[PDB]
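One structure below.
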Amino acid sequence: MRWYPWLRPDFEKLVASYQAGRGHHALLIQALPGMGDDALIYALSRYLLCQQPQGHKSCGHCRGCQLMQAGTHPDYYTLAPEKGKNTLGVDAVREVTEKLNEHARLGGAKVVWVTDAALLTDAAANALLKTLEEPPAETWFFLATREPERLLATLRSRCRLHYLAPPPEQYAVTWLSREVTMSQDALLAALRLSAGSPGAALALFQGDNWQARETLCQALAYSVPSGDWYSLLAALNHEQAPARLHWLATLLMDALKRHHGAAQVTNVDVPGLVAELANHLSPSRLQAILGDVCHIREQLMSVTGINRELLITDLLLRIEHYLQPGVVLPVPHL
Amino acid sequence: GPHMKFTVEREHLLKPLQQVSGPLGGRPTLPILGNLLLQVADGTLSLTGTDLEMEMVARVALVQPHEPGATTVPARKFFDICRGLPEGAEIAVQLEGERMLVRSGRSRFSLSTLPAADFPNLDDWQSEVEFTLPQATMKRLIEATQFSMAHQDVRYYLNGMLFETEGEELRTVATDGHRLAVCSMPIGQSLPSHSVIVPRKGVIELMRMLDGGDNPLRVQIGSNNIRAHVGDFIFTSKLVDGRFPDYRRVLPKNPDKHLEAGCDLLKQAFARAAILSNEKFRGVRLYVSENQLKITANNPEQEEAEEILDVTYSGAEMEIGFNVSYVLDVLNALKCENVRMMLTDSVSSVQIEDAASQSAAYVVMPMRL
Amino acid sequence: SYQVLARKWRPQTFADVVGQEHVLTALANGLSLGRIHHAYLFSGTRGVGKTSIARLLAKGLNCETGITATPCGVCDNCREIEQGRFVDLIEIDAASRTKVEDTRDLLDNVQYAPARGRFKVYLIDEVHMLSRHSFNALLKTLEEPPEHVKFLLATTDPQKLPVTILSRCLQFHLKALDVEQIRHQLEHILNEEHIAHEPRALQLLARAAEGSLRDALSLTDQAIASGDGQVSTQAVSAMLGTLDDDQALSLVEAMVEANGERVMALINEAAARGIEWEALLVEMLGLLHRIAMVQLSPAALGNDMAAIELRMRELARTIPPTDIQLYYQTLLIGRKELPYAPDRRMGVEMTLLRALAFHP
Amino acid sequence: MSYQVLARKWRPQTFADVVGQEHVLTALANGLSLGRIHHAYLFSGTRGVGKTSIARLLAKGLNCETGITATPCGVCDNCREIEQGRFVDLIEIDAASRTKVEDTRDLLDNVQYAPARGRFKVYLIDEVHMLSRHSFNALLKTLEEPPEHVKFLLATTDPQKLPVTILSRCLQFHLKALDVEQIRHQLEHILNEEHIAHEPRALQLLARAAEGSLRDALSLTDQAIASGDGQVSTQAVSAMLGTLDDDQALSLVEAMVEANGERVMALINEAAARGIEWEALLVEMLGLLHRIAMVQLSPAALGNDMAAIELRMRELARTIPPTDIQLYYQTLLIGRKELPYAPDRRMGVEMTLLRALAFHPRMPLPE
Amino acid sequence: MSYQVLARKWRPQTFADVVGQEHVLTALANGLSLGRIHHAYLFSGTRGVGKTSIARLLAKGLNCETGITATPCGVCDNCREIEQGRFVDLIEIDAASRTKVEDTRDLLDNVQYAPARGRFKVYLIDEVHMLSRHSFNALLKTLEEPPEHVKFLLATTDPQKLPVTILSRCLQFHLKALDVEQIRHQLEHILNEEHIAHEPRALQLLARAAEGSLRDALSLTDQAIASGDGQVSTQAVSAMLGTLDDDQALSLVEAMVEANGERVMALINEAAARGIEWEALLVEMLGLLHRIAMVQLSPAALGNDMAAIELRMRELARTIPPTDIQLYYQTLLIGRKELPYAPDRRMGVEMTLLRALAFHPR
DNA sequence: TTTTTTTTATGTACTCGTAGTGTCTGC
DNA sequence: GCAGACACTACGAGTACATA
Ligand SMILES: Nc1ncnc2c1ncn2[C@@H]1O[C@H](COP(=O)(O)OP(=O)(O)O)[C@@H](O)[C@H]1O
Ligand SMILES: Nc1ncnc2c1ncn2[C@@H]1O[C@H](COP(=O)(O)OP(=O)(O)O)[C@@H](O)[C@H]1O
Ligand SMILES: Nc1ncnc2c1ncn2[C@@H]1O[C@H](COP(=O)(O)OP(=O)(O)O)[C@@H](O)[C@H]1O
Ligand code: BEF
Ligand code: BEF
Ligand code: BEF
Ligand SMILES: [Mg+2]
Ligand SMILES: [Mg+2]
Ligand SMILES: [Mg+2]
Ligand SMILES: [Zn+2]
Ligand SMILES: [Zn+2]
Ligand SMILES: [Zn+2]
Ligand SMILES: [Zn+2]
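Residue numbers (the entry's author numbering), protein chains in the order written: chain E, 1 to 334; chain G, -2 to 366; chain D, 2 to 361; chain C, 1 to 367; chain B, 1 to 362.
Okay, here's the thing in structure tokens:
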């Protein structure tokens, strides 16, 4: 958690709406992961819950700010998946809803914030529906998603939406280079892979993701000219398998797009690699491999508890089958 | 820490120790929570216990040498060891090496202790509204409605009961959504208007507090804390927010149909009728004719039960069907000589009152149409 | 409820609801005559009004005047329903009381006579989330309830409902609201709230609501909170991510000509200007639809198609309808799969690559 | 006097008033006449075809005053309470409300006590497929060798949920869903007895709308009566159902197979003026295509409810190849798949029709 | 008058009145006639095949006044008494009702008392697979050192639900599901011992539809007599079974492979007269085609699950080339994929079957 | 010999251990 | 008067199982 400069306008606007008593109780943030998703929600919640003598800033002396910094306030509910789970169960939602009918202990307003509204199971969202539509007078909600459409349609209606604009790419590169010391092309590539959203591109360098990406690039450089797509299984099977699959998908998209001679490339840090991908693979084969990789990535994320070893191994075996001449490629279908 | 050297007479210890050990009990949520703190300052020993939403303080006087200090002991073990001792025997308690040695005659016992700083305290509130009332007064005030409050329900905060102070009168109400009980009575002091909800556990402890027709109890009411003083006994508890429905609207305003009966006769008739009623739906139906009340009860095994009682009634037949446990409880509580039933309609609720007193009233909703 | 729309603007009389002529007529005729029922089931998509019509029926049933078609208005046993100080009514959000134990508790408290009013009305909202055992528990009571109780059921969809529960209830299907009805209601609200509004921005809001009125109200509130506290065409256009230029048609032409570098530079420039991708795809489908319509008759040039007639005319002359249908199908599949993509931009890229490969 | 729901006012009160289900009625009446009374009956079948009503009628026949009579002799004393539902001995058990075994145990404890008034203490266990497994196992033995003065009537929708060891020791009567003609005739009787005017086409639409049930049909008829001014008229039924009668969609399919786009779009505009759901138009057209396929395969496949257009049906049955029918059906089925994702539902339906037109294998659009 | 149900009045009373299952009757006869009697017999079977009846017969034999014999006399006061419900030494425990250990203790403490009348106090615990874990522990403690005067008789439907330790101390007799011929023979005897006319084809249909259990056969016989006006005719039983048929899958796939359009239409109409989820019907039809294609590869593919429809299935496997089965599976799969979006589920499944029927023949 | 073992979100029962309450008696 | 003695009712947990 850290503050971002580009969050300052949105924050101000939204808080300016809240101070007048006109802001909607149910706010749905569209911020991309790594963007000012949690920082904005925390800032707004801290402003709302405690007193506001200083205006839109933080009055750290008041007991409300003290409880926020201690993280022990009773009227600041957080909906998060537990350590041992991934989705957000309906039991926590039901319990928080029952707790909401209780009047505020401190006599101030109430705030209920969900860490990520996409993680809700259908029952959880349905349970929230009634409280979102008709909440107690002291209550304000805050939702966080990457994709509003992935949410339940009825819940996506009751909650007023709000969008965070990704910063211009030059501004993003300027901000990233300040505290991250990498090459300009590598920095641009990391920014583009994260859909222009900082933090996530910063997260690629801060964590161990970048070394994994480089290992993946080396493995592709070894595999593509030989048609031996196996031995990629080691570079792909991981707790971040969707992210590395997305990296592979970006590489394939870059190859296919450069085949048409497009101006800009998603993967600029490794022009030789994408050039090799263009050389050794037919455009139809590249398109089929890209489609299959994206589909299996969606399979990995959607269904829960699926053994990834089997899925990535099957994907690689099917890719090796595709590279063989005289093989019918699949057709995208409804 | 220091060496206690507290010498306490058993007669001046057993009863206050039982008083302070009342609220605690069962398996606590966490350790230390089940414990009690004894603290001696300038010849006065205070026994304090808590549930972190309740507190008990008992003050006793000491004449023997000592030192000012506070120590914690497990409650049940100390209560059981102090009792059963020979009558008039002094108890000498002394702290060595993080343990408590208790001595009586040639009897020695060692108990594990905790630092006094590990015993939490409750909140503080000032400018509490003060009350001076007789013990048995508030005793029967709550007793008329102690059964009324619903236990373990989500609706409102029915796990408790409402005190309302208006003018010079204190009124107390409880309900469940099907039965409601009110009891209003003039105290004798200039009082403001207040409405508070005391929790069910606090109600039980308040009943446990009352003892003797001696020095009057002193209430200190607030918004989130309640206090009671009975002699050298001090009790504190935490209140409940929210508010009950308007009892005034609950009471029927058209008691057109009247019935006068004997308390004991009606109670015995209802007790007999309840035997053959449905085990879960303990409902009987009532036919009201001139100076006659007939009660009919059924159950899945049939076994129809009928009874007839002489009353003072004039009007038409109503055929009011309602639960038996409720009416049996209220008739148990009345202990009066005569009972007034008040009926409005075959769909309307019914009102139960003392014939010779208006201090307490009750209402019960019907069962089936 | 300070200034939140669609909460302080809940309908309170049958004359105030928007559309729903068939449902309102049926309910009014039932109330006026003796034709009353013990299980009404209002089903329809989001924000068409299920709960509101339910509450209006409840107010009409329990009014002091009696069984009346139009609710009275000023009275105690209607204002209590409006404020939620109700005792003859029972609102249960079934999505929270899914447990069969709570449903059996409800069935246990069905015989008790109401404190006031002639009917104890159980409004079970979000019915389809009840667990199966709870549904079977409600089945018998719905079949033959006591004469003094009536059930009202509202669900986003009846498919999840067990078919027996359907066979127990009177089904009223709230049809989605057309563009004109939504626009009229929003203009009426804004006139009654003295808020500056512009007809074009109102049309964009009505179009983006997708036939659900609560969405229209929420989008109006988003516009009000944005901009300068008033509904204006520029602010609504900016916030909705709508496109009002010929970028869509240029993209269609480039994709038809399969000009890869140009057709990708167009998407890159669109991302630079930040055009929302779902709207861009929707307009692409609209333009292809206008192509197909023109191929039957040039009068199906959409009005005068702004001022770019020639282009689509030219396009309508150069591409066989088979390739147009192929492009439409590919674009629609891409729109379906667009949410299930790492990010919308690259999903639109996938859709464009799929569309370009048909020898365009 | 008063206006109560048809689904509860017109519940059959004798074996004469139960329409259809000839096999179950015949078997029950014959067995009661012969005196052979099994001690466990299980009425299965789809919802609203009379299993609960038949079970209550069987209770009437068993407990009637004059003896074990197949036909309940009108209304006798022991039948009045059955009709009113307050009978001393007919124990209605909402099994879904008593799934716990600690309630079936209480049911079994008092089974031996003699009936208060009736000959048998008929235990009518509604929704027997909802009892918990422990309660099932509990009632196994009491079903195997019950006392001579108790009978069990179990009614459920799907027998497969029940353990097979319970299906073994009870008679299995299966109630088939009623035919369209049965529902239409019963509805004509009901609307005649209510002194309400009605239209034959309206009642045919009511019969078709309900899937072989009756209480569903009665509910939809009551909703129609609400929608009309107390009359069941064809326009009111068309409005409430959302259907296209049998003419407009046939005009659509005839124009579409004729490759005349102009009339197709003209009727699309008219249907928009009719204020009708677009997916309803698509589903009606798909159903018409399927009916064409059915009559092409099976020469005699049209029911009476389509006779008004039957002739035109045969025309398409003699003019269009089966392959073209399959092509149209699959094209419009993908159109249905894609419609919720088109920019506008009207726009999507126009695109689906134009797609069926462009890939017309006989008269495709010129290139 | 009082016509007792055929499921009760025809319960066997001697080992000679028990049909088939000789592998258990002979074993019990040899054990009783000789001295070797185990301390606890556990009877197993499937859905009314003769577990409780054989257990009751064993209890009758153990305590007969003539002595422990394979054939009880049937005349002494004990035989008459156990014949009816009332008897002291034989304790019939509905274990499925008294599952709690609290009720089990009140009856397992009686072992310490002497038998009142007979040699052995016999505990017939029916539906033993239902006891609670603690009750199972109590019964195991009893069985560990059982008194010489007590014999335990346990009857159940699913032996594997029992904990392994209790099963290790019981001699388990598994009762075979009755064959069609034995069913038909016993049904003919039952009908002829009473006044019910019949036709042999009707009894053959009853036996085949009884799924190898005498209770099912007798229940169906009573239903047929009721609907048959006191005579079991072939047409009556056939029509009743048609009202009761559930295997629409195999018949419908037979018709579809043989390409009888009218038969497919009639079977769809019949499956619509019965409330049937079309998705379930289609998916299990896919399963039947899957099993057929498997049997194409190896005769051992058809396991013991589908023994009731083995012959037909084997025939369908033998007479049809595998390529047609693969094509039928493909078209049925694609039809089920698009099924929910069709006009109606009935409508869509109908046209899916038409699509599958248009190929190969016609 | 040998060690080897898996999706989950949610709901529904059943059965035993143990606390909290009532009452009722010979204390 | 009073524990105390059951006697009973409720609740948690361990476990089984259903559905999707
Ligand atoms: N027909 C309508 N007329 C007026 N307002 C409507 C209508 N339908 C929906 N709304 C608005 O939507 C809000 C929620 O409506 P509601 O009736 O709860 O929809 P639902 O059917 O989905 O429960 C209402 O507060 C009202 O502002
Ligand atoms: N066979 C039938 N004959 C006449 N009416 C029927 C029949 N089946 C259903 N109904 C109508 O449906 C109403 C309820 O039927 P019911 O027997 O409860 O169906 P279920 O089998 O689902 O319980 C009856 O009051 C009756 O009007
Ligand atoms: N071997 C058999 N001989 C004769 N009848 C039998 C036999 N097995 C089952 N039956 C018939 O089935 C009825 C119930 O039999 P039962 O022995 O209770 O089966 P279960 O093994 O399931 O307890 C008996 O009344 C009898 O008619
Ligand atoms: F939001 Be509604 F109840 F579908
Ligand atoms: F009993 Be039925 F399903 F209405
Ligand atoms: F009585 Be058996 F086990 F069906
Ligand atoms: Mg709603
Ligand atoms: Mg029923
Ligand atoms: Mg048995
Ligand atoms: Zn602050
Ligand atoms: Zn009113
Ligand atoms: Zn009669
Ligand atoms: Zn003998």
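Positions of the beta carbon are idealized from the N, C-alpha and C atoms, including for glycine.
Between the options, which has its C-alpha nearest residue i's C-alpha?
i        : options                               : result
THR52/B  : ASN30/B, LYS9/B, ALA155/B             : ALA155/B
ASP342/G : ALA358/G, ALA313/G, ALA38/G, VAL247/G : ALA313/G
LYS141/B : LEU162/B, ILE166/B, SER132/B          : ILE166/B
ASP103/B : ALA116/B, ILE82/B, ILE125/B, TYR113/B : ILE125/B
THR45/G  : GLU93/G, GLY102/G, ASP39/G, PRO20/G   : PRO20/G
Would the beta-carbon of residue i fall within 9 angstroms of that of residue j?
i        : j        : result
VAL150/D : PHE120/D : yes
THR162/G : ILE218/G : yes
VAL232/B : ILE183/B : no
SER168/D : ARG208/C : no
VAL268/E : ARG192/E : yes
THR243/D : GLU277/D : yes
Can you look up residue i in the DSSP assignment and give me helix, strand or coil?
i        : result
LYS141/B : helix
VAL111/C : coil
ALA70/C  : coil
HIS360/D : coil
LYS100/C : coil
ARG119/D : coil
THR304/E : coil
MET182/G : strand
Report the CB separation of residue i from residue j in whole angstroms; it is logged as a contact under 8 angstroms.
i        : j        : result
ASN288/G : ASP261/G : Contact doesn't hold; Cβ gap of about 18 angstroms is too wide.
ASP292/E : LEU315/E : 6 angstroms
Decide if the stretch 221 to 241 of chain G is in contact with the stretch 45 to 58 of chain G; the criterion is three or more beta carbon pairs, one per stretch, under 8 angstroms apart. yes
The stretch 252 to 271 of chain E contacting the stretch 348 to 360 of chain D, beta-carbon criterion three pairs below 8 angstroms: yes
Do the stretch 91 to 107 of chain D and the stretch 125 to 133 of chain E make contact, defined as three or more Cβ pairs closer than 8 angstroms? yes
Are the stretch 62 to 72 of chain C and the stretch 22 to 40 of chain C in contact at 8 angstroms, needing three or more beta carbon pairs? yes
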